[PDB]
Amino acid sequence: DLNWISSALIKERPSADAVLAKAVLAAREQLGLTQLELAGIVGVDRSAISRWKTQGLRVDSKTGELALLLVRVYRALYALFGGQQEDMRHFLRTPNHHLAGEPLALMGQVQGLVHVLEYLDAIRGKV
């Protein structure tokens, strides 16, 4: 009874679209992406980026997937580089032998974004 009422008074039911919008903007900050670099990865303009704070990012949309893939890229980079931010930034902005080129440049296209993400997932010992 004490646990039931205590949890009910503080329970948070967050919005999916608002959580994704907050997550991709936070990933953009930590990865050092400009407003236009993010726009070229998820495929919107900069007006829709600032519009995320009022509406959120529709998760079930095609833009949501690209944003989800972008968060997964940050997620795998964090785990692979132990959260060292500038090493994560270095990987995205440095030409790569195993990838077709600079990962951030590849992520500007959907086929390159999947290639960067698939590489980071596979090189994790988690597989």
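Numbers for residues come from their place in the sequence shown, where the first is 1.
Asker: Do the C-alpha atoms of 71-79 or of 32-40 have the higher average B factor in the entry?
Answerer: Between 71-79 and 32-40, it is 32-40 that shows the higher mean C-alpha B-factor.
Asker: Please work out which of 53-61 and 81-89 has the higher mean CA B-factor as recorded in the PDB entry.
Answerer: Of 81-89 and 53-61, the stretch with the higher C-alpha B-factor average is 53-61.
Asker: Is residue 26 in the lowest, middle or highest third of its chain when residues are ranked by C-alpha B-factor?
Answerer: According to the entry, residue 26 has a C-alpha B-factor in the chain's middle third.
Asker: Where does the C-alpha B-factor of residue 110 rank in its chain, lowest, middle or highest third?
Answerer: Its C-alpha B-factor, which the entry lists for residue 110, ranks in the middle third among residues of this chain.
Asker: Would you mind checking where the Cα B-factor of residue 18 ranks among the modelled residues of its chain, as the lowest, middle or highest third?
Answerer: Lowest third.
Asker: Looking at the temperature factor on the CA atom of residue 10, which third of the chain's modelled residues does it land in?
Answerer: Highest third.
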